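Chemist: Input: one structure, supplied below.
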Amino acid sequence: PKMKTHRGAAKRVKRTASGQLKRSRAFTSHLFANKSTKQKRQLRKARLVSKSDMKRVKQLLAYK
Amino acid sequence: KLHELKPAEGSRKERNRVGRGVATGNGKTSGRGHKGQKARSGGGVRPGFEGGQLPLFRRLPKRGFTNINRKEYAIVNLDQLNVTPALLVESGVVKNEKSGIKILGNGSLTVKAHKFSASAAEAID
Amino acid sequence: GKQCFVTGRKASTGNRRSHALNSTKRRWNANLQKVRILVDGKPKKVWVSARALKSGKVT
Amino acid sequence: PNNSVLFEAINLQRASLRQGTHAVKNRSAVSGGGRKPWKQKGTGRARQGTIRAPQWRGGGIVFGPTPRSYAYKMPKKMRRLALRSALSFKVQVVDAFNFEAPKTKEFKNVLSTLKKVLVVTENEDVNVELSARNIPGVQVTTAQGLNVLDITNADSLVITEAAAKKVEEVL
RNA sequence: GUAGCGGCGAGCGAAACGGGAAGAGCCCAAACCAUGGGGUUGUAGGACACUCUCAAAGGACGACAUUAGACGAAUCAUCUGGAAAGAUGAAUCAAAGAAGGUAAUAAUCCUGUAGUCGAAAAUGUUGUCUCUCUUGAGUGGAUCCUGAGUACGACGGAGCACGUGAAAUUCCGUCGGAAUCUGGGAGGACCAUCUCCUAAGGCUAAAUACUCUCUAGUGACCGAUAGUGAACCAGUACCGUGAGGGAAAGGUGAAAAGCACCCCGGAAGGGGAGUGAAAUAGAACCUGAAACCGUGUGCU
RNA sequence: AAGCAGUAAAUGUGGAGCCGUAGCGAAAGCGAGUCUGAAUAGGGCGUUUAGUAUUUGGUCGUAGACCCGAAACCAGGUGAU
RNA sequence: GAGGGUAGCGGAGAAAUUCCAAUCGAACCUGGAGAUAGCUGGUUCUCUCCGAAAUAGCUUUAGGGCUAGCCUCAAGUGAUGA
RNA sequence: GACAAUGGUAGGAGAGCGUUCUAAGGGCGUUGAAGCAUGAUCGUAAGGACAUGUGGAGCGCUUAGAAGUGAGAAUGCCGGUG
RNA sequence: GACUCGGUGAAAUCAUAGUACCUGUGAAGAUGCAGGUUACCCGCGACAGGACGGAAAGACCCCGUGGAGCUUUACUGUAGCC
RNA sequence: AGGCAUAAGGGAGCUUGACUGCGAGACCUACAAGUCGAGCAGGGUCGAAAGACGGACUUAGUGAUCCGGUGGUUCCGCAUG
């Protein structure tokens with residue numbers, strides 16, 4: 001039994017050339033009249049999965 | 001010599017063996033602490049579960065698609081070159097032509113290839 | 001039990017689905033009906049499916 | 001010699017030379033069971049599930065033997081270096097053998113004029129293996145079949161003029 | 001563990017190319033001809049025209065192996081012993097120093113092994129010859145055939161890695177319903193163009209899965225609460241109306257040489273006397289632990 | 001790696017395949033840079049420049065998975081002495 | 001009394017959840033099956049060094065879990081600690 | 001040498017003892033092995049010897065390897081016995 | 001029946017027991033700790049205050065994101081019927 | 001509640017900065033989130049100008065993902081178009 005990947009996390013995050021992951025940003029699908037132009041534009045970027053989340057989930061993406 | 005064998009100093013270790021006495025340190029509970037869902041044979045919650053709080057990788061939006069016709073190449077720099085694609089394979093450079101040998105421009109210095117970086121096509125001439 | 005004397009029309013078994021997709025086993029009978037035909041040993045009456053008695057068998 | 005590699009060569013070979021045909025029966029395999037003996041609640045006896053559980057006698061082995069292999073591998077280069085180190089420590093060579101008929105006394109004389117001997121020949125001479133397989137402490141083989149356990153088990157090497165050259169060609 | 005499929009959750013999860021084991025392809029229905037013959041396909045084949053010549057199935061025919069076996073090398077002496085195979089000496093065999101047994105621990109004591117030989121007969125297979133079979137092949141083409149209630153569509157399902165989805169490719173039930181070589185199909189909806197194939201009939205060994213079962217063997221597999229439930233007359237005592245469940249039970253000694261005779265006793269059981277190397281090895285028989293039960297006695 | 005040879009052995013052979021020396025972007029695609037962007041303007045991620053194979057130990061995952069222990073559920077039979 | 005019949009998603013009931021082999025709000029036996037148990041119980045040798053927590057947040061959560069706080073081992077920076 | 005440290009539960013790290021088997025080497029043994037009984041013995045512990053009885057035929061020791069590798073607790077299972 | 005005598009002869013229970021009272025203390029109701037007071041060693045018949053006496057892993061209460069049976073205009077389904 | 005008579009309170013003219021791409025640095029913080037922000041480029045409004053302006057005196061007036069809809073677009077579109 002090969003360890004299976006988490007096929008729902010491969011659709012979300014990628015791996016960079018340091019061993020760390022490149023997630024997208026939440027709160028960006030609807031209800032946009034309830035956010036500042038700053039808060040809407042600040043969310044358009046992307047960020048890295050924090051060290052705590054590299055704790056919970058690091059073997060769920062071992063091939064990715 | 002077969003009756004005096006010696007593995008290299010530092011290679012082997014004897015395994016840890018729990019649940020045998022209380023002078024080893026891992027005897028009574030065997031390294032599991034007291035009662036709980038994780039002190040039970042059958043493991044804890046599945047990894048990434050997080051307890052009921054919606055986990056991370058189900059709380060972030062999906063992203064992108066994947067192209068069927070992705071043409072990834074074999075990257076050669078101009079330091080590898082200090083020239084058919086085959087000779088570049090039969091020297092020990094391109095151990096697999098994924099799509100084709102593309103020549104890049106990192107390093108210093110004729111070439112048959114399938115593409116070229118800008119720096120490469122400049123610094124080859 | 002019953003099946004088309006001429007063709008091989010059996011009954012199948014599938015799932016009666018739902019709107020919640022709650023499936024339950026059902027069958028799919030063949031449109032079998034009695035009729036007299038000249039099995040050349042003698043005129044008998046047997047089951048035939050309405051499909052198989054569509055222009056190609058004599059009664 | 002490279003003892004760090006020669007140890008692993010010896011250990012690898014003695015591991016590979018095991019059957020592993022040893023088994024045992026757990027709860028699923030022991031005969032009978034599938035019946036709770038008493039009711040769990042009103043008896044006064046401890047609560048049990050079957051008579052073929054581990055704490056009983058006659059039923060159930062918790063873990064143990066299973067029919068499983070023991071061999072493993074290691075890179076080609078380390079294999080070759082272990083063989084080179086074994087021969088290197090032997091160094092730390094006769095002409096061709098001439099035996100028309102397999103006659104063990106002739107071979108015993110040949111070994112006395114020159115008792116863990118490893119007599120290494122060319123491709124195969126089927127009158128020297130026969131002349132020599134009965135003497136206790138002598139092992140015969142060929143240049144294509146040089147073990148490391150064979151070599152390191154030996155107190156001496158008797159390689160022909162041809163086998164020396166064939167192994168110098170190989171390694 | 002990729003592509004994908006997934007209340008896109010839990011999870012499910014291919015395939016082609018590539019490398020290898022093994023490796024053969026064939027007979028029909030139709031046209032046409034006189035139940036039979038002819039014909040079997042895609043750089044189109046057959047008919048028709050010339051020319052040019054598993055695959056059908058019954059039977060005999062010497063070698064190999066399987067089912068009993070034969071041969072099979074080479075050691076004697078002292079010390080202990082109850083008994084030598086041991087320790088101490090001298091010697092031989094080895095295509096044989098695997099293993100077991102023998103009064104102890106055996107290459108040379110036995111049964112064997114290395115190796116060579118062996119089949120009245122029965123059986124399986126490989127071999128030849130017999131035997132049955134047997135017309136091969138190109139070129140042209142007006143025209144005549146190439147699997148129909150089939151392909152396919154709608155509806156409801158199943159299956160494809162694929163949850164009805166934009167679901168291709170396959171099947172099932174129900175209705176409708178095609179063309180015939182510039183014909184039909186596929187290339188993940190669909191159309192065009194290209195490329196590749198020819199459905200709706202049938203048959204095929206090997207490479208592969210497994211173990212009742214026979215023979216030969218190995219084991220850093222168990223050694224009587226283990227290993228099979230069953231080393232023992234075990235699926236048995238026993239339990240149940242029944243389906244069905246299910247145990248405990250091995251060891252004297254090298255050899256029964258298994259205690260003749262005497263005494264107590266109703267016998268059992270003893271005490272002598274003998275066997276024995278040992279009887280506190282006396283069939284409740286190798287050692288014979290602990291709990292437990294006693295008798296005696298030093299200090300209290 | 002499978003396979004073939006090999007004593008159920010080493011081991012020989014077997015370069016299909018895998019990891020690595022290049023990253024960035026959803027992608028086309030560029031490439032020591034790249035993406036966002038009108039603009040390296042700024043900023044994110046890169047330019048560390050040694051990895052790789054086998055194995056010892058720790059730990060995790062799929063298998064019952066540290067052992068014992070339910071009330072229950074389903075399928076196939078046996079029961080009206 | 002004898003011989004028969006009805007069988008468990010069932011059968012019989014002058015009706016009590018009453019009976020169906022000393023067992024019935026759904027028999028018994030074998031299989032799925034080592035069901036599952038966030039629950040109780042148990043978890044076998046010695047020494048040496050270090051040595052907690054009983055808190056925050058979220059939780060179909062409240063005797064469970066996940067990240068952070070507090071412990072340990074390795075490497076490093078390097079005075080940044082008191 | 002001098003100084004400093006050495007309570008410890010969950011837990012982290014290190015060093016070890018002992019059992020069965022395997023390879024190699026080297027040994028003991030019917031002039032008595034394993035085992036069992038006793039003992040006033042050596043080691044910091046797990047433990048290791050030695051001597052005498054009993055016993056009757058197999059066992060250590062060094063170095064590695066592999067584990068069905070250590071029991072006082074489970075209203076644990078089987079036997080014996082209070 | 002019990003009681004004494006001859007015969008036979010269990011059982012639940014059981015950490016080891018050389019098993020006193022009081023006033024305290026204690027996980028807040030002590031044979032076993034403290035401080036005092038009392039008691040020469042062994043039986044036999046009897047009583048029933050304590051041993052939180054014995055059997056029955058509390059039928060009460062609560063908790064399992066545990067079961068089962070029943071109800072209904074709870075949800076989704078279904079045999080059947082039109 | 002904290003500030004405000006710099007007015008942050010009142011009145012009048014003019015307009016749309018209730019902008020596009022961003023962002024050194026910092027606070028808060030288990031994570032996801034949340035808050036502030038000089039300065040830079042494109043375009044402007046007010047003002048004679050310096051300048052101010054990326055909503056409201058400050059702090060509530062909000063809801064992950066998945067899925068569906070709509071508007072664009074540079075991307076992909078399973079032999080090719």
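Residue numbering restarts at 1 in every chain; chains get A, B, ... in the order shown in the structure tokens, and ligands count up from 1 in that same order.
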List as a PDB file with N, CA, C and O atoms, in the first residue's frame the protein and nucleic acid residues near residue 72 of chain B, meaning an atom at most 10 Å away when only C-alpha atoms (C1' of nucleotides) are counted, but skip any in the same chain fewer than 3 places from it.

Modeler:
ATOM      1  N   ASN B  69      -1.507  19.136 -22.488  1.00  0.00           N
ATOM      2  CA  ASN B  69      -0.417  19.158 -23.447  1.00  0.00           C
ATOM      3  C   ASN B  69       0.830  19.819 -22.888  1.00  0.00           C
ATOM      4  O   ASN B  69       1.609  20.401 -23.648  1.00  0.00           O
ATOM      5  N   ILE B  75      16.321  20.789 -19.284  1.00  0.00           N
ATOM      6  CA  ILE B  75      16.997  22.069 -19.142  1.00  0.00           C
ATOM      7  C   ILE B  75      18.499  21.843 -19.132  1.00  0.00           C
ATOM      8  O   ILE B  75      19.021  21.144 -18.258  1.00  0.00           O
ATOM      9  N   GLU B  97      14.934  12.993 -22.404  1.00  0.00           N
ATOM     10  CA  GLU B  97      14.373  14.113 -23.156  1.00  0.00           C
ATOM     11  C   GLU B  97      12.871  14.124 -22.906  1.00  0.00           C
ATOM     12  O   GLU B  97      12.102  13.457 -23.598  1.00  0.00           O
ATOM     13  N   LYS B  98      12.452  14.887 -21.897  1.00  0.00           N
ATOM     14  CA  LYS B  98      11.046  14.923 -21.506  1.00  0.00           C
ATOM     15  C   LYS B  98      10.154  15.356 -22.663  1.00  0.00           C
ATOM     16  O   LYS B  98       9.184  14.674 -23.008  1.00  0.00           O
ATOM     17  N   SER B  99      10.453  16.499 -23.254  1.00  0.00           N
ATOM     18  CA  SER B  99       9.904  16.879 -24.546  1.00  0.00           C
ATOM     19  C   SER B  99      10.985  17.217 -25.556  1.00  0.00           C
ATOM     20  O   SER B  99      10.907  16.796 -26.712  1.00  0.00           O
ATOM     21  N   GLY B 100      12.013  17.934 -25.127  1.00  0.00           N
ATOM     22  CA  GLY B 100      13.136  18.299 -25.969  1.00  0.00           C
ATOM     23  C   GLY B 100      14.168  18.994 -25.114  1.00  0.00           C
ATOM     24  O   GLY B 100      13.889  19.415 -23.990  1.00  0.00           O
ATOM     25  N   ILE B 101      15.369  19.105 -25.658  1.00  0.00           N
ATOM     26  CA  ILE B 101      16.468  19.728 -24.934  1.00  0.00           C
ATOM     27  C   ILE B 101      16.419  21.229 -25.185  1.00  0.00           C
ATOM     28  O   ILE B 101      16.597  21.692 -26.316  1.00  0.00           O
ATOM     29  N   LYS B 102      16.133  21.992 -24.137  1.00  0.00           N
ATOM     30  CA  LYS B 102      16.127  23.443 -24.215  1.00  0.00           C
ATOM     31  C   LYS B 102      17.377  23.971 -23.531  1.00  0.00           C
ATOM     32  O   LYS B 102      17.722  23.528 -22.428  1.00  0.00           O
TER      33      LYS B 102
END

Chemist: Report as a Markdown table the residues of chain A within 8 Å of chain F, each with its shortest atom pair and distance in Å (one decimal), using only C-alpha atoms (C1' of nucleotides), ordered by chain and increasing residue number.

Modeler:
| residue | atom | partner | partner_atom | distance |
| --- | --- | --- | --- | --- |
| A:1 | CA | F:62 | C1' | 5.9 |
| A:2 | CA | F:62 | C1' | 7.9 |
| A:3 | CA | F:61 | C1' | 5.8 |
| A:16 | CA | F:45 | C1' | 7.3 |
| A:17 | CA | F:46 | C1' | 7.1 |
| A:46 | CA | F:44 | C1' | 7.7 |
| A:59 | CA | F:60 | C1' | 8.0 |

Chemist: Residues of the last selection are to be written out with N, CA, C and O atoms, as a PDB file, in the first residue's frame.

Modeler:
ATOM      1  N   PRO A   1       0.802  -1.221   0.000  1.00  0.00           N
ATOM      2  CA  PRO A   1       0.000   0.000   0.000  1.00  0.00           C
ATOM      3  C   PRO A   1       0.830   1.263   0.000  1.00  0.00           C
ATOM      4  O   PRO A   1       1.307   1.667   1.056  1.00  0.00           O
ATOM      5  N   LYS A   2       1.015   1.866  -1.168  1.00  0.00           N
ATOM      6  CA  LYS A   2       1.550   3.213  -1.212  1.00  0.00           C
ATOM      7  C   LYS A   2       0.674   4.120  -0.367  1.00  0.00           C
ATOM      8  O   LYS A   2      -0.547   3.976  -0.343  1.00  0.00           O
ATOM      9  N   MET A   3       1.299   5.042   0.344  1.00  0.00           N
ATOM     10  CA  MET A   3       0.534   6.041   1.066  1.00  0.00           C
ATOM     11  C   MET A   3      -0.141   6.964   0.063  1.00  0.00           C
ATOM     12  O   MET A   3       0.512   7.494  -0.836  1.00  0.00           O
ATOM     13  N   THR A  16       6.902  24.877  -3.368  1.00  0.00           N
ATOM     14  CA  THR A  16       7.909  25.777  -3.907  1.00  0.00           C
ATOM     15  C   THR A  16       9.295  25.148  -3.806  1.00  0.00           C
ATOM     16  O   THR A  16       9.461  24.020  -3.346  1.00  0.00           O
ATOM     17  N   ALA A  17      10.309  25.884  -4.248  1.00  0.00           N
ATOM     18  CA  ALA A  17      11.662  25.332  -4.249  1.00  0.00           C
ATOM     19  C   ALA A  17      12.382  25.607  -2.936  1.00  0.00           C
ATOM     20  O   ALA A  17      13.543  26.001  -2.897  1.00  0.00           O
ATOM     21  N   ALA A  46      -1.252  35.721  -2.602  1.00  0.00           N
ATOM     22  CA  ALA A  46      -1.183  34.361  -2.100  1.00  0.00           C
ATOM     23  C   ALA A  46      -0.155  34.300  -0.985  1.00  0.00           C
ATOM     24  O   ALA A  46       0.752  35.131  -0.905  1.00  0.00           O
ATOM     25  N   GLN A  59       2.526  14.888   5.567  1.00  0.00           N
ATOM     26  CA  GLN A  59       2.510  13.633   4.835  1.00  0.00           C
ATOM     27  C   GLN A  59       1.289  13.482   3.951  1.00  0.00           C
ATOM     28  O   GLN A  59       1.272  12.594   3.096  1.00  0.00           O
TER      29      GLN A  59
END

Chemist: From a DSSP pass on the backbone, collect the residues of chain C flagged as strand (DSSP E or B) and hand them back as a ChimeraX atom specification.

Modeler: /C:12-16,24-28,32-39,42-49

Chemist: Could you tell me which residues of chain D sit within 6 Å of chain H when counting only C-alpha atoms (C1' of nucleotides), and give me the result as a list in words?

Modeler: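 Filtering chain D at 6 Å from chain H with only C-alpha atoms (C1' of nucleotides) gives residues 46, 55, 56, 57 and 64 of chain D.
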
Chemist: Please identify which residues in segment 4-171 of chain D DSSP calls alpha helix (DSSP H) from the backbone, and express them as an MDAnalysis selection string.

Modeler: chainID D and resid 4:16 76:91 104:113 129:132 149:153 161:170

Chemist: If we count only C-alpha atoms (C1' of nucleotides), what is near segment 54-56 of chain A at a cut-off of 9 Å, once residues fewer than 5 positions away on the same chain are taken out, given as a PDB file with C-alpha atoms (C1' of nucleotides), in the first residue's frame?

Modeler:
ATOM      1  CA  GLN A  20       7.087  24.863   1.600  1.00  0.00           C
ATOM      2  CA  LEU A  21       3.606  25.366   0.244  1.00  0.00           C
ATOM      3  CA  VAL A  49       1.003  27.539   4.749  1.00  0.00           C
TER       4      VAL A  49
ATOM      5  CA  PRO B  47      -4.252  12.954  10.191  1.00  0.00           C
ATOM      6  CA  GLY B  48      -5.499  16.399   9.258  1.00  0.00           C
ATOM      7  CA  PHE B  49      -8.720  16.008  11.245  1.00  0.00           C
ATOM      8  CA  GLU B  50      -8.368  18.951  13.652  1.00  0.00           C
TER       9      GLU B  50
ATOM     10  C1'   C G  66      -6.207  19.959  16.730  1.00  0.00           C
ATOM     11  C1'   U G  67      -2.755  24.286  16.746  1.00  0.00           C
TER      12        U G  67
END

Chemist: Distance limit 8 Å, atoms considered: only C-alpha atoms (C1' of nucleotides). Which chain B residues sit that close to chain F? Return them as a list in words.

Modeler: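 Close enough to count are residues 11, 12, 13, 14, 15, 41, 42, 63, 64, 65, 66, 67, 75, 104, 105, 106 and 117 of chain B.
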
Chemist: Based on the selection just made, write N, CA, C and O atoms of those residues as an mmCIF file, in the first residue's frame.

Modeler:
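Result written to out15.cif:
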data_model
loop_
_atom_site.group_PDB
_atom_site.id
_atom_site.type_symbol
_atom_site.label_atom_id
_atom_site.label_comp_id
_atom_site.auth_asym_id
_atom_site.auth_seq_id
_atom_site.Cartn_x
_atom_site.Cartn_y
_atom_site.Cartn_z
ATOM 1 N N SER B 11 26.540 2.563 13.352
ATOM 2 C CA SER B 11 25.502 2.109 12.442
ATOM 3 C C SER B 11 24.319 1.528 13.196
ATOM 4 O O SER B 11 23.226 2.096 13.167
ATOM 5 N N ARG B 12 24.538 0.432 13.908
ATOM 6 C CA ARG B 12 23.434 -0.320 14.476
ATOM 7 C C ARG B 12 23.016 0.232 15.831
ATOM 8 O O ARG B 12 23.826 0.755 16.595
ATOM 9 N N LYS B 13 21.723 0.106 16.117
ATOM 10 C CA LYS B 13 21.162 0.346 17.438
ATOM 11 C C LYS B 13 20.138 -0.741 17.719
ATOM 12 O O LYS B 13 19.497 -1.250 16.798
ATOM 13 N N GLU B 14 19.994 -1.108 18.988
ATOM 14 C CA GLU B 14 18.965 -2.064 19.361
ATOM 15 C C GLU B 14 17.630 -1.342 19.419
ATOM 16 O O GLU B 14 17.554 -0.204 19.885
ATOM 17 N N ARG B 15 16.580 -1.994 18.926
ATOM 18 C CA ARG B 15 15.293 -1.325 18.846
ATOM 19 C C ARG B 15 14.799 -0.961 20.240
ATOM 20 O O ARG B 15 15.255 -1.492 21.250
ATOM 21 N N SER B 41 -5.672 1.286 21.523
ATOM 22 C CA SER B 41 -5.206 0.621 20.318
ATOM 23 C C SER B 41 -6.228 0.844 19.221
ATOM 24 O O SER B 41 -7.395 0.477 19.370
ATOM 25 N N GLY B 42 -5.799 1.453 18.129
ATOM 26 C CA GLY B 42 -6.721 1.835 17.086
ATOM 27 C C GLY B 42 -6.463 3.258 16.656
ATOM 28 O O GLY B 42 -7.239 3.843 15.898
ATOM 29 N N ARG B 63 -7.708 26.120 -6.895
ATOM 30 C CA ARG B 63 -6.884 27.057 -7.657
ATOM 31 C C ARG B 63 -6.383 26.429 -8.946
ATOM 32 O O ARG B 63 -5.613 25.466 -8.905
ATOM 33 N N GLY B 64 -6.790 26.985 -10.078
ATOM 34 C CA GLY B 64 -6.194 26.640 -11.351
ATOM 35 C C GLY B 64 -6.773 25.402 -12.006
ATOM 36 O O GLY B 64 -7.777 24.831 -11.584
ATOM 37 N N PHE B 65 -6.113 24.998 -13.089
ATOM 38 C CA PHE B 65 -6.382 23.741 -13.767
ATOM 39 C C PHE B 65 -5.051 23.158 -14.208
ATOM 40 O O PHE B 65 -3.992 23.753 -13.994
ATOM 41 N N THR B 66 -5.094 21.992 -14.839
ATOM 42 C CA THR B 66 -3.894 21.323 -15.318
ATOM 43 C C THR B 66 -4.006 21.102 -16.815
ATOM 44 O O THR B 66 -5.010 20.571 -17.294
ATOM 45 N N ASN B 67 -2.971 21.497 -17.543
ATOM 46 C CA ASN B 67 -2.978 21.397 -18.990
ATOM 47 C C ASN B 67 -2.624 19.981 -19.414
ATOM 48 O O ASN B 67 -1.737 19.351 -18.837
ATOM 49 N N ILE B 75 16.321 20.789 -19.284
ATOM 50 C CA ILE B 75 16.997 22.069 -19.142
ATOM 51 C C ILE B 75 18.499 21.843 -19.132
ATOM 52 O O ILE B 75 19.021 21.144 -18.258
ATOM 53 N N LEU B 104 19.697 26.835 -21.893
ATOM 54 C CA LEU B 104 19.578 28.065 -21.133
ATOM 55 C C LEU B 104 20.923 28.786 -21.059
ATOM 56 O O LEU B 104 21.906 28.390 -21.687
ATOM 57 N N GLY B 105 20.969 29.859 -20.280
ATOM 58 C CA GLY B 105 22.108 30.753 -20.342
ATOM 59 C C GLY B 105 22.792 31.081 -19.035
ATOM 60 O O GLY B 105 23.182 32.230 -18.814
ATOM 61 N N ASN B 106 22.954 30.091 -18.166
ATOM 62 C CA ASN B 106 23.610 30.270 -16.876
ATOM 63 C C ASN B 106 24.991 29.633 -16.926
ATOM 64 O O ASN B 106 25.111 28.427 -17.160
ATOM 65 N N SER B 117 17.029 29.488 -24.886
ATOM 66 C CA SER B 117 16.832 30.722 -24.157
ATOM 67 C C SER B 117 17.478 31.881 -24.915
ATOM 68 O O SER B 117 18.256 31.690 -25.852
#

Chemist: Kindly assemble as a Markdown table a list of the chain D residues that lie within 9 Å of chain G, each paired with its nearest atom pair and their distance in Å to one decimal, using only C-alpha atoms (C1' of nucleotides), sorted first by chain and then by ascending residue number.

Modeler:
| residue | atom | partner | partner_atom | distance |
| --- | --- | --- | --- | --- |
| D:26 | CA | G:34 | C1' | 8.8 |
| D:27 | CA | G:34 | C1' | 6.3 |
| D:28 | CA | G:34 | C1' | 6.5 |
| D:34 | CA | G:30 | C1' | 8.3 |

Chemist: Go ahead and save the picked residues with N, CA, C and O atoms, as a tab-separated table (two decimals), in the first residue's frame.

Modeler:
chain	number	residue	atom	x	y	z
D	26	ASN	N	-3.38	-17.00	14.53
D	26	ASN	CA	-3.98	-15.98	15.37
D	26	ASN	C	-5.43	-16.34	15.65
D	26	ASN	O	-5.84	-17.49	15.46
D	27	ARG	N	-6.22	-15.39	16.13
D	27	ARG	CA	-7.63	-15.65	16.42
D	27	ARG	C	-8.38	-16.12	15.18
D	27	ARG	O	-9.25	-16.99	15.26
D	28	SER	N	-8.08	-15.54	14.02
D	28	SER	CA	-8.84	-15.86	12.82
D	28	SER	C	-8.61	-17.27	12.32
D	28	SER	O	-9.40	-17.77	11.52
D	34	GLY	N	-16.19	-18.34	17.83
D	34	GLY	CA	-17.43	-17.82	17.29
D	34	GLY	C	-18.61	-18.14	18.17
D	34	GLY	O	-19.70	-18.43	17.66

Chemist: How many Å separate atom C1' of residue 184 of chain E from atom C1' of residue 44 of chain E?

Modeler: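 Computing it gives 13.6 Å between the two atoms.
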
Chemist: Write out as a PyMOL selection string which residues come within 12 Å of residue 72 of chain G when counting only C-alpha atoms (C1' of nucleotides), dropping same-chain ones fewer than 6 positions away.

Modeler: (chain G and resi 49-52) or (chain H and resi 11-13)

Chemist: Taking 6 positions as the minimum chain separation for residues in the same chain, which residues sit within 12 Å of residue 54 of chain I when counting only C-alpha atoms (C1' of nucleotides)? Answer as a list in words.

Modeler: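 That gives residues 12, 13 and 14 of chain I.
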
Chemist: Given only C-alpha atoms (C1' of nucleotides) as the basis, pick out the residue of E:65, E:247, E:85, E:232 nearest to chain D.

Modeler: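 Selected residue with least distance to chain D: E:247.
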
Chemist: Distance limit 10 Å, atoms considered: only C-alpha atoms (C1' of nucleotides). Which chain I residues sit that close to chain D? Return them as a PDB file with N, CA and C atoms (P, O5', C5', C4', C3', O3' and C1' of nucleotides), in the first residue's frame.

Modeler:
ATOM      1  P     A I  55     -19.240 -10.987  47.139  1.00  0.00           P
ATOM      2  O5'   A I  55     -20.560 -11.682  46.599  1.00  0.00           O
ATOM      3  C5'   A I  55     -20.864 -13.026  46.934  1.00  0.00           C
ATOM      4  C4'   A I  55     -22.017 -13.538  46.127  1.00  0.00           C
ATOM      5  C3'   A I  55     -22.087 -12.946  44.719  1.00  0.00           C
ATOM      6  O3'   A I  55     -22.304 -13.966  43.754  1.00  0.00           O
ATOM      7  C1'   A I  55     -24.173 -12.736  45.797  1.00  0.00           C
ATOM      8  P     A I  56     -21.487 -13.911  42.375  1.00  0.00           P
ATOM      9  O5'   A I  56     -22.475 -13.168  41.381  1.00  0.00           O
ATOM     10  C5'   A I  56     -22.209 -11.849  40.934  1.00  0.00           C
ATOM     11  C4'   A I  56     -23.485 -11.177  40.513  1.00  0.00           C
ATOM     12  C3'   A I  56     -23.385  -9.741  40.028  1.00  0.00           C
ATOM     13  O3'   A I  56     -23.005  -9.631  38.665  1.00  0.00           O
ATOM     14  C1'   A I  56     -25.133  -9.925  41.602  1.00  0.00           C
ATOM     15  P     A I  57     -21.475  -9.362  38.254  1.00  0.00           P
ATOM     16  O5'   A I  57     -21.266  -7.789  38.408  1.00  0.00           O
ATOM     17  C5'   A I  57     -19.952  -7.242  38.320  1.00  0.00           C
ATOM     18  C4'   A I  57     -19.934  -5.740  38.224  1.00  0.00           C
ATOM     19  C3'   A I  57     -20.861  -5.130  37.178  1.00  0.00           C
ATOM     20  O3'   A I  57     -21.209  -3.815  37.610  1.00  0.00           O
ATOM     21  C1'   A I  57     -18.660  -4.559  36.659  1.00  0.00           C
TER      22        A I  57
END

Chemist: Write out as a PyMOL selection string each polymer residue whose atoms come within 9 Å of segment 27-37 of chain I, counting only C-alpha atoms (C1' of nucleotides); drop sequence neighbours fewer than 6 positions from it.

Modeler: chain I and resi 19-21+51-52

Chemist: Report as a PDB file with C-alpha atoms, in the first residue's frame the set of chain B residues whose atoms approach chain J to within 7 Å, with distances computed over only C-alpha atoms (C1' of nucleotides).

Modeler:
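Heads up, here's the output in out06.pdb:
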ATOM      1  CA  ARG B  58     -11.112  22.162   3.119  1.00  0.00           C
ATOM      2  CA  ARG B  59     -11.245  25.811   4.224  1.00  0.00           C
ATOM      3  CA  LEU B  60      -9.152  27.322   1.377  1.00  0.00           C
ATOM      4  CA  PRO B  61     -10.327  27.776  -2.217  1.00  0.00           C
ATOM      5  CA  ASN B  67      -2.978  21.397 -18.990  1.00  0.00           C
TER       6      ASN B  67
END
